[PDB]
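First the structure, in the form of structure tokens, and then the observations on it.
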Amino acid sequence: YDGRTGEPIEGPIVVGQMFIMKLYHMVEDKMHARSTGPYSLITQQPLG
Amino acid sequence: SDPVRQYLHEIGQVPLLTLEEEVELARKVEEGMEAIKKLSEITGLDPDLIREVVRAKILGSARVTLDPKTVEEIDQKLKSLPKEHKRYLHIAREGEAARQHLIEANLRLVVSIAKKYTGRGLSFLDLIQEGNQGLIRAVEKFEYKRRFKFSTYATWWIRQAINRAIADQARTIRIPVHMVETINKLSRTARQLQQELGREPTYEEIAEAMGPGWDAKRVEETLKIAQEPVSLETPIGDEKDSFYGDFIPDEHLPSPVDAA
């Protein structure tokens, strides 16, 4: 059954238990932004 | 290629000497030295000047501070000696030739001494050249009257020159000679203390073993001053794409936020 309407999905649906793991690639550790910051010594370009 | 083999070939192309030939060469250089001092006192000119001009003439025009006209005019000025004085010139020239021949013959002793100083911050050829300088000095100050072998007196000068070169050229940031030998003695004491204790000594043990006037702060300061800088091009990570300088920011130029 669809939770938004209460009407059934028009066809039978495969349903069952699955083993699922969380991977260490998390958005918390990857989101990054910069306006201005430190620069390199020689090229005077932004650091990485 | 392989310049060490080329230098070894050139050095082996000159044959060795026997005791008789060695003493003959040393006697000739000694008499040449006596001749140049005799000439200098006779004419009243600086012995260094006349020695340089005489050796310049012995070498030839191939060896270009003294204009050619100057040295030639001095050479003609020494052609005004009546007799018993041109003998001084001839003895001096033969002595200079003896000096050259002896140095060429005994450069192999320099090689033999320097081959056991590798792996201390200087390449083998640099060690060989500094040993050659030391050998020239030893030839300059050798006295053959004592019947001692040439190598006995030459070895000390060669080793002194080599050790001075290690002390003076091994580090990108120059450290004076006394501090260098202090650091070497500190390291030797540390290794003996490690051998005896069975572990890395603490600063207290090293200070105690140094003697009076040495405490832990002093050994710590010495060890801090003895650190050599690392390269800005040191590879960081497994892949060949990151250098050390990629992690070093500039703190001198003002930031855009600071400038406003």
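None of the figures in this text is laboratory data; all of them are computed from the coordinates on show. Quick reminder, even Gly has a Cβ in these numbers, built from the backbone with ideal geometry, and neighbours come from all protein chains shown.
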inquiry  = Quick check on chain B: helices-only [θ] at 222 nm, where DSSP H runs of length 4 and up contribute -39,500 (n - 2.57) each and the sum goes over total residues. Nearest 500, please.
reply    = -21000 deg cm²/dmol
key: Calculated P(r) tail over 15 Å for chain A, as whole % of Cα pairs   = 74
ask   = Along the stretch B:66-79, what does the Karplus equation 6.51 cos²θ - 1.76 cosθ + 1.60 (θ = phi - 60°) give for ³J(HN,Hα), rounded to whole Hz, x for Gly and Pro?
value = 10, 4, x, 4, 4, 5, 5, 5, 5, 4, 5, 5, 6, 7
query = For the stretch B:23-39, what does the Karplus curve 6.51 cos²θ - 1.76 cosθ + 1.60, with θ = phi - 60°, yield as ³J(HN,Hα) per residue in whole Hz, taken in order and with x for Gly and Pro?
reply = 5, 4, 5, 5, 4, 5, 5, 5, 5, x, 5, 4, 5, 5, 5, 4, 4
key: Per-residue average of Cβ from other chains inside 10 Å of B:4-14   = 0
query = Taking the Cα centre of the protein assembly as shown as the origin and placing charges on Cβ (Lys, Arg +1; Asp, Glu -1), which of A:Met26, B:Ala209, B:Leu17 is farthest toward the positive end of the dipole?
reply = B:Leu17
query = Net charge near A:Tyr39, counting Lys/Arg +1 and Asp/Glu -1 over other residues with Cβ under 13 Å of its Cβ?
reply = -3
note = The orientation-averaged projected area of the Cα convex hull of chain B, in nm², is 27.1
task = Jot down the per residue volume, in cubic angstrom and as a whole number, of the convex hull over the alpha-carbon atoms of the stretch B:33-131.
result = 130
note = Rounded to the nearest 0.05, FRET efficiency between A:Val14 and A:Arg34 (Cβ-Cβ, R0 41 Å) equals 0.35
task = Could you give the size of the charge dipole of the protein assembly as shown about its Cα centre, using +1 on the Cβ of each K and R and -1 on the Cβ of each D and E, expressed in debye and rounded to the nearest 20?
result = 2100
ask   = Shielding of B:239-248 by partners, i.e. mean partner chain Cβ atoms within 10 Å per residue?
value = 2
task = Give me B:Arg99, B:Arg93 ranked fewest to most by other Cβ atoms within 10 Å of their Cβ, as a rough exposure proxy.
result = B:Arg93, B:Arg99
message = Ratio of alpha-carbon Rg to the 2.2 N^0.38 Å globular estimate for the stretch B:68-201, to two decimals, please.
response = 1.57
query = Tell me, what is the Rg over Rh of the protein assembly as shown, with Rh the Kirkwood radius over Cα pairs?
reply = 1.30
ask   = Around B:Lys69, with a cut-off of 15 angstrom between Cβ atoms, what is the net charge of the other residues, counting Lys and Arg +1 and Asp and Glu -1?
value = -2
ask   = Which far-off residues, 5 or more places away or on another chain, put their amide H under 5 Å from the one on B:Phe243, with H placed in the peptide plane?
value = B:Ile236
key: Local net charge near B:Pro229, Cβ-Cβ under 14 Å (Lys/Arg +1, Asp/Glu -1)   = +1
The stretch B:155-192 versus the stretch B:210-247: alpha-carbon centroid distance in Å = 19
